[PDB]
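In: as they sit in the full assembly, here are the leading chains:
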Amino acid sequence: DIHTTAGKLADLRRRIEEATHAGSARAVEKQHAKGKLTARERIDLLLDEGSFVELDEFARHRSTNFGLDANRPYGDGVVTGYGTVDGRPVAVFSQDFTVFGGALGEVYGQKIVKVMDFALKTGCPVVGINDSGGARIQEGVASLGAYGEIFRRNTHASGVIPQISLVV
Amino acid sequence: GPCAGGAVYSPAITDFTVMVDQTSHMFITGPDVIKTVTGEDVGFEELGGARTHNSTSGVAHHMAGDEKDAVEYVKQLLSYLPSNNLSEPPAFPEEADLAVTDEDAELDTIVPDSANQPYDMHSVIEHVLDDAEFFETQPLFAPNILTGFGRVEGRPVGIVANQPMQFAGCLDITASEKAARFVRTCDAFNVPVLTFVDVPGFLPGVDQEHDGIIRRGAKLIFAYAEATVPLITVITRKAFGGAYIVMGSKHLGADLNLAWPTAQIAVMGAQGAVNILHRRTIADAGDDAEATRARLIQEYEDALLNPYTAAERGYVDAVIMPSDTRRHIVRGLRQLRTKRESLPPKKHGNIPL
Amino acid sequence: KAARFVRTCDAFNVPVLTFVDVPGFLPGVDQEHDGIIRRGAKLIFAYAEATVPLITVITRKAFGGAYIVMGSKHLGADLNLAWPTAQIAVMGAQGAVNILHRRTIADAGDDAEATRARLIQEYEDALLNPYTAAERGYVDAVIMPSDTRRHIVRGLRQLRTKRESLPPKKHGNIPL
């Protein structure tokens, strides 16, 4: 059902499904076709096996600009979370090109932040895996604001926590 | 033994106060001087006996059978705290099972389908803590909420949670005070605070308001906002209005806020919410007034009373499967234990009193 | 009420003047059953915690625990003064005698009160004043009621440069 405890659970399983499969079945093929690996595949190859814990997985945006509300994928374009690397704590965000061209959005940037605030407060590096195709033009300045709060964290934490950029 | 007059105040200031059944007493004014002034008739045990303070005044933290059970208590109490604030609480590190134990699964069904049927929170806690060992404090006072200690991977933690078994795990004066003071204790001595949530709202009553619930209920929030130790919050079911805010929500600086699918995080109850949002659309078509007011309530709780709305905004970092609560807290404290966070410089804060 | 103020004044470097005349704590089951303990303790927490200049003037009554609470030098007060009309005693004479003189009060049922009420007078005349406390230093001085201001004035002039600090801690743990 859906009003029971067993359905409310089964429901989740359903969500964690289309969630890890936010991009199109074709976008992934294309991605692979170019040799590139999917965002979630970059995280797994990097972090220690089974140490990845995702944050903001079921987050979505709220931009009604240019009818973008018809496509509100879970994750909103980026996979962020924390995990270990060679036994040491590491925080990481992986830009998902198979979603809106992996363009920076409001909720998309907020996540990258939530992770940089966590990586700094707990003193662990921040592996950033990029693929962003550009700013999400529909949201206008909101996407510019997102890039900022991030640039500011890059500075405030420059020299405080290793920050590595993976441009693929 | 006896603790009469101003002397009683030294125990007040200290952290945890342990008492024994009818072997000790605490009181400012003697039972005799009380009668010669008001005319009230009460016996020692009733005025300031162990059972009294361990359930009426909120001054005591434990009631033991005899002096032996007490001494053993304090020893346990000391085993969860550091010898001073300049250090983390002692530890006996031991790797945990990263897989899903048959115990973990048990949670997948702990919450009944009935939004009105209670389940014992202790069970939820005992499933995350090592050896399912849960050391509870003030079990008789403010039963609507549980506060104690335990260990996760050998490292001492602190637990605060709502007890649906009692008064529907509501928040009230006695509860706020109980937890608040506990949280600040766990914070002052670098003990992380795991909190499990399920609260409908604040216990109604003119007595509450008149007895200063506004200035005493904040205590809980101040305690949480002020804290800096690792803060992991688990939402199992109920999450309404200020009650949600108060229970170590992300807006109060929590580090990891989990939420089970069996949880509903909303501004207010669906039953009462609609009576304000559709007060108009309901007036119309008296033809089946309550067959619309009922249809709405259903569409509300089926659309808003869940964690996913919040989950979007990021108010919760994930909607986990009950059976993964332990694997979460474990693999989540390992990171948070290095949490460096501080407050603005000050002689001290100004928490409500 | 007071506790919250003293703290508000402390956090904001505001000197706290306190005038005393308290007999004791309102007797009542209610008080006890309402945590008067964890709540009355707050008042001493504030004072002990404080670091701003503290000037305590006892105008009359000052007994037992109450005394302690009202900015006593035992809580860090910098200057404690007391009028000659003040009475700094561990407790009230009447109730004090019914304790200390139990085996000596029973004797001679004849005049069971002309030996009691008479003995009570001896106490309120020997101990119900400020000179006992002052004797040791619990009070910096006894002064003419009319010199209160002159004291508070010339006093605060010296304490405005008071440097005090509690042990380092994330925060305290005041009884809530």
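Out: Thanks, I have the structure now. Numbers count the residues shown, from 1 in each chain, chains lettered A, B, ... in the order given.

In: for the rest of this, base every contact and every neighbour count on C-alpha atoms.
Out: Fine.

In: and the residue of chain B that's closest to chain A?
Out: Nearest residue of chain B to chain A (C-alpha to the nearest C-alpha) works out as residue B:312 at 3.6 Å.

In: wouldn't that residue be in contact with residue A:72 here?
Out: No: Residue B:312 is beyond contact range of residue A:72, at 10.2 Å (criterion: C-alpha atoms under 8 Å).

In: quick one, which of the two is more surrounded?
Out: residue B:312 (22 against 16; other C-alpha atoms under 10 Å in any protein chain shown).

In: from residue B:350, how far out is residue A:121?
Out: Between residue A:121 and residue B:350 the computed distance is 25 Å (C-alpha to C-alpha, to the nearest Å).

In: mind checking how far the nearest residue in space to residue B:10 that is not next to it in sequence is from residue C:25?
Out: Residue nearest to residue B:10 in three dimensions, not counting chain neighbours: residue C:41, with 7.8 Å by C-alpha to C-alpha, 6 or more residues apart in numbering or on different chains. The gap separating residue C:41 from residue C:25 is 12 Å, by C-alpha to C-alpha.

In: residue A:143 now?
Out: For residue A:143, the distance to residue C:25 - C-alpha to C-alpha - is 63 Å.

In: do the strand or helix carrying residue A:153 and chain B meet at all?
Out: Assigned by DSSP states H and E, residue A:153 falls within helix A:142-156. No: using C-alpha under 8 Å from any C-alpha of the partner chain, helix A:142-156 never reaches chain B; the gap is at least 14.8 Å.

In: and the next helix or strand past that helix?
Out: Next along from helix A:142-156, by DSSP H and E: strand A:163-167.

In: hmm, who's touching that following strand?
Out: A:125, A:126, A:127, A:128, A:129, A:130, A:131 (C-alpha atoms under 8 Å, 6 or more residues apart in numbering or on different chains).

In: just the ones of those in helices?
Out: Nothing among the contacts of strand A:163-167 maps onto helices, per DSSP state H.

In: now compare those residues and name the two farthest from each other.
Out: A:125 and A:131 (19.4 Å; C-alpha to C-alpha).

In: so what's the residue of chain A at minimum distance from chain C up against?
Out: Nearest residue of chain A to chain C (C-alpha to the nearest C-alpha) works out as residue A:121 at 16.8 Å. By C-alpha under 8 Å, 6+ apart, the contact list for residue A:121 reads B:338, B:339, B:340, B:341.

In: how much space separates it from residue A:82?
Out: 13 Å.

In: looking at chain B, which helix is longest?
Out: Looking across chain B with DSSP H, the single longest helix is helix B:173-188.

In: helix or strand right after that one?
Out: Following helix B:173-188 toward the C-terminus (DSSP H and E): strand B:193-199.

In: now what about that next one, what contacts it?
Out: Against strand B:193-199 from outside (C-alpha under 8 Å, 6+ apart): B:125, B:157-164, B:168-171, B:183, B:186-187, B:229-240, B:243-244, B:247-248.

In: chain D goes on too:
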Amino acid sequence: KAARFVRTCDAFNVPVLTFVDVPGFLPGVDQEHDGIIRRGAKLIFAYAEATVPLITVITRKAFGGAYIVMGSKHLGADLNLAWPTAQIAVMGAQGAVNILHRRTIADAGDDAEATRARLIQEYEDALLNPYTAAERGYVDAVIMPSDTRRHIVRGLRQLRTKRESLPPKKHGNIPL
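Out: Placed with the earlier chains, chain D looks like this:
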């Protein structure tokens, strides 16, 4: 040129007034091959790191990375103001329509160039102003060019006492 100035003015406690009006980043291959990605990033680092009063006044143009860079509020500015003649947008209308409206303009090769001109107008007439940002609090207020001085004045009065600081570090690691 600006980077090293904003840092000098910071390291010595000199508030930085910023007046913006920029279209974007000078296009050119030589630029890319010279290091604009890291040599330009300095400007934002200088601003982000800054901890002095930063009052930003936008006079006209404010587009993409250029807006961000020029003392935006997303970098730590204290007061960002904007004249009614400010274009706070993610990009110019000319280019914005090419991407935003590609299939909605492809239709009718003829009557297209007027469908474009129309769009470009509807867009700028509804997006190249400051009011957008003004709703998200990105700019503290849209003023009258006449109140620029009065705003910087009454504003530098409040910020002259601002205490800001970055995480503790041996030193930052700004691009070079």
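
In: chain D added, so what about the contacts of residue A:121 now?
Out: By C-alpha under 8 Å, 6+ apart, the neighbours of residue A:121 are B:338, B:339, B:340, B:341.

In: angle of the helix or strand where residue A:116 lies against strand A:163-167?
Out: Counting by DSSP H and E, the element that carries residue A:116 is helix A:106-121. Angle, helix A:106-121 to strand A:163-167, by axes from the mean of the first three to the mean of the last three C-alpha atoms, to 10 degrees: 140 degrees.

In: keeping just the C-alphas, turn helix A:106-121 into CSV.
Out: This file holds the C-alpha atoms of helix A:106-121, laid out as CSV (Å, rounded to 0.1, in the frame of the first residue of the first chain):
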residue,chain,number,x,y,z
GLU,A,106,20.3,26.9,-7.1
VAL,A,107,19.8,23.6,-5.4
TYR,A,108,22.8,22.2,-7.3
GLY,A,109,25.1,24.8,-5.8
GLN,A,110,23.6,24.6,-2.3
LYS,A,111,24.6,21.0,-2.2
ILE,A,112,28.1,21.7,-3.2
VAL,A,113,28.1,24.1,-0.4
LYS,A,114,26.6,21.9,2.3
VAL,A,115,29.5,19.7,1.5
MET,A,116,32.2,22.3,1.7
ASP,A,117,30.9,23.5,5.0
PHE,A,118,31.0,19.9,6.3
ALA,A,119,34.5,19.3,4.8
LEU,A,120,35.8,22.4,6.5
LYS,A,121,34.0,22.0,9.9
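
In: how distant is that helix from the center of its chain?
Out: Distance of helix A:106-121 from its chain centroid, counting by C-alpha atoms, centre = their mean, to the nearest Å, is 10 Å.

In: that one to helix A:142-156, inter-axis angle?
Out: 10 degrees.

In: quick one: residue B:186 from residue B:88, how far?
Out: 11 Å.

In: ok, now residue A:88?
Out: 20 Å.

In: neighbour-wise, which of these two wins?
Out: A count of neighbours by other C-alpha under 10 Å puts residue B:88 above the other of residue A:88 and residue B:88, at 18 against 12.

In: tell me who's in contact with the residue in the stretch 101-250 of chain B that chain D sits nearest to.
Out: The stretch 101-250 of chain B approaches chain D most closely through residue B:228 (16.5 Å), counting by C-alpha to the nearest C-alpha. By C-alpha under 8 Å, 6+ apart, the contact set of residue B:228 is B:187, B:339, B:340, B:341, B:342.

In: which of the residues you listed tops the neighbour count?
Out: Neighbour max across those (other C-alpha under 10 Å) = residue B:187, 26 neighbours.

In: so that residue touches residue B:229, yeah?
Out: Yes: the pair residue B:187 and residue B:229 passes the contact test of C-alpha under 8 Å, sitting 5.6 Å apart.

In: picking up where we left off before, residues in contact with the helix holding residue A:153?
Out: Here helix A:142-156 has contacts from A:104-106, A:109-110, A:112-113, A:116-117, A:135-137, D:44-45, D:48-49, D:64-65, D:68, D:72, D:74-76, D:90, D:133, D:138, D:166-167, D:172, D:174, using C-alpha under 8 Å, 6+ apart.
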